[PDB]
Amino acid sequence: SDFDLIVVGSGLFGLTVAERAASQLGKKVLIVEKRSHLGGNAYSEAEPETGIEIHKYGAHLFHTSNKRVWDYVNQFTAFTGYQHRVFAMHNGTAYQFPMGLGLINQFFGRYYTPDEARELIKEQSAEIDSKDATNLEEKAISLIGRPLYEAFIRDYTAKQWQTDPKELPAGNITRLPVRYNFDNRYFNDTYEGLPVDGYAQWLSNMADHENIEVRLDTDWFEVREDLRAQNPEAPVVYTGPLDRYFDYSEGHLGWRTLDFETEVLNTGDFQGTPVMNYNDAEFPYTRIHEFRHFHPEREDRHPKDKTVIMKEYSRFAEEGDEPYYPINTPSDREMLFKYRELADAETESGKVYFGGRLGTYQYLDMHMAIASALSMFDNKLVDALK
């Protein structure tokens, strides 16, 4: 028998689980990854012409307030001091973003003290009682007022979810916080940074252990009869699609996908910030990423008069698209439930554990996936591998 553990999927969840087993329990791990590379969607690589590090599966920003995770993660990479900030384009003006005093002054046309702004938001949002809000539009209005909702929320939402917010259902927003200071640090986590040597290097490291064999370009469902037969004792951590695992017997869970239009441009700086949101309906893309700006420490390496940008587009994920964000319509929810029960059975009866973004039909930040894998390793995999 070849392996004590089988991990399907090479994302942060899979990797963490495989790496812990390998180095903590001394067990032997096979990682079966369907793509040609490790790391799932966190994987990055050099754009050929500029050499700038880019993401083909979406921009990734590491941040966490979990010291265990931070310490763990720092075993495989150093991190830059990068602090993620975002701006929001509305009617040809780049707004300071997360809503706070900066956006408020730009928007309403004059400076508001912290107390004056609290009062402003209340006066604006009073048009509707949260109690009386019958949908998402009303709920949002009830929280931040119609002008801010109409300026920065409505269209942006329609683009991402391709639905009128008048038609989404009110419970979808519990809160829309306004910062009543000038703090525009996008994350409020203790630790934040980008991998000094790029993502690929970091993920590659997590998998570089003597007790780990990586199997790229290999669909689990194509080789699972063999592998199970040869390693009948070995449990399985599955981070693949949950509905696909059960042969879509309860239907197909709905995801949004993302399209990325990449351009190399003959300027050294296109927007002077890593990410520009586009809140208006008049521009089809949701954001533009300019990647050089993610690693300002590399400016000497970087082209002087070239930059790579990437326009992002939201779309329902169809036959052949990469699934990215779970949609969670009522049907999706009822469907998820049936699959969740089936999974419970499978785990008990089969020693097949489900994890990760796809495995659980749930969006996970990198640090939340890592935490969840540390938990599964602790509460389940040490016993199961004992």
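Residue positions are given as counts along the sequence shown, with the first one as 1.
Two stretches are in play, 161-169 and 191-199, and the higher mean C-alpha B-factor belongs to 161-169. Judged by mean Cα B factor in the deposited record, 125-133 ranks above the other of 125-133 and 181-189. Which of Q230, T273, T218, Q96 has the largest Cα B-factor in the deposited entry comes down to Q230. Taking the deposited Cα B-factors for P241, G102, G81, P303, the highest one is held by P303. Among the modelled residues of its chain, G26 has a C-alpha B-factor that falls in the middle third according to the deposited record. When the modelled residues of the chain are ordered by C-alpha B-factor, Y313 sits in the middle third.
Looking at the C-alpha B-factors along this chain, the one for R175 belongs to the highest third. Ranked against the other modelled residues of its chain, the C-alpha B-factor of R110 as given in the entry falls in the lowest third. When the CA B factors of the chain's modelled residues are split into thirds, the value for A373 lands in the middle one.
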